[PDB]
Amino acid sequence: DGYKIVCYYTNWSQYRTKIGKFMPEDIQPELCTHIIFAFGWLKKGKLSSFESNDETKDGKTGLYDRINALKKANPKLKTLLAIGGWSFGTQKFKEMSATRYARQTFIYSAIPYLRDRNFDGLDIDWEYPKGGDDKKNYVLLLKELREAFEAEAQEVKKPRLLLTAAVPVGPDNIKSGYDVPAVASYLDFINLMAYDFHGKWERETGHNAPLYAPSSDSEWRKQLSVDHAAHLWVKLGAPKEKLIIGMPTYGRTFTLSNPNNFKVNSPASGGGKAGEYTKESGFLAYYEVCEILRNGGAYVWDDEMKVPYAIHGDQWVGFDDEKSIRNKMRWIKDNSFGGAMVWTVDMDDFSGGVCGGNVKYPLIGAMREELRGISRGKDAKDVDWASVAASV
């Protein structure tokens, strides 16, 4: 019991190079209370493997087993398999949820799939149900999943499979797709995706995950904050304790139209240049942001949003650091939410070698410290970026 620390592990992190290369054994068994494996997949309406190397076959241990092997060292650890995500899209969910036969086909495939692979539950990551049909059918899917999980638990006499979901922070997305009271009822807990609030799809800089909106925000734009989103879900009927608030170990990047105009809400010409390890314009891992800050980048703390951003030339990144993460943990406690969720475990400074404080998992370690009272170790000190990096 207590606050949850819910960590997403992404199976594509296995393909990154050099400092970016991540494997299940890089996760400390005691780091998180839950590890969610992103992702499984759907084939012919049934739960299936994303890639053959997630599976164990021919004496070669797959990623599923290597993640679940962490429970040998920490038997309290729970694992779940996520289905969906951005790549997965919506059409396969629409089809699977559209009829009782399609739903039950999925459900009775999901239970043995999970049990045979020693997963403790299923995380539904449909992005996103949209429109009245999806809104109803999503509730029906969760409802039938939950009652089938309940029936199985009683028949096999094992603890029940968990059912969770990752849900959006955009008010339009929420209203269109989510019957919040029913959704909240059928889920064990709710992974609030409190990030991607702003990014290269907009023509001005904005933070990936501001706790509060800046005052320069239009009052439409003010809805886009962690604080507003979490409270919206409560207002709509989600129990506070079921809300696990997402925390990004990444930032979103912009190229400034003019390097002299570098504050939040400054004109941008597009996304920031790709990182060496994550190789995607508009995006950087926390440890890629660290390299910037240790190589001439300027650090700004925004005391309105309670988050930092970094500038280097015309490159702008809104990210979370040990300071913003600790402050969000205090806000989690002050508001009695259920804990913190992390996207992802593989973009923290997991080696402890990149950000300079010589602490493995500085961000997630900070989450666990603040929420569960577990020290990150003897001389584990937050990097003070205001001193380490340049200023504006």
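Numbering starts at 1 and follows the sequence shown.
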Could you settle it for me: does 208 to 216 or 100 to 108 have the higher average Cα B factor in the PDB entry? 208 to 216
For 58 to 66 versus 336 to 344, entry-based mean Cα B-factors point to 58 to 66
Which listed residue, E155, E147, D188, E127, has the largest C-alpha temperature factor in the record? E155
Whose CA atom has the top B-factor in the entry, of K92, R252, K240, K273? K273
Could you place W316 in the lowest, middle or highest third of its chain by Cα temperature factor, using the values in the record? middle
On the chain's distribution of Cα B-factors, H228 falls within the third called middle
Within-chain third of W301 by Cα B-factor, per the entry: highest
Ranking every modelled residue in this chain by its Cα temperature factor as given in the entry, which third contains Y138? lowest
Would you mind ranking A38 by its C-alpha B-factor against the rest of the chain and naming the third, lowest, middle or highest? lowest
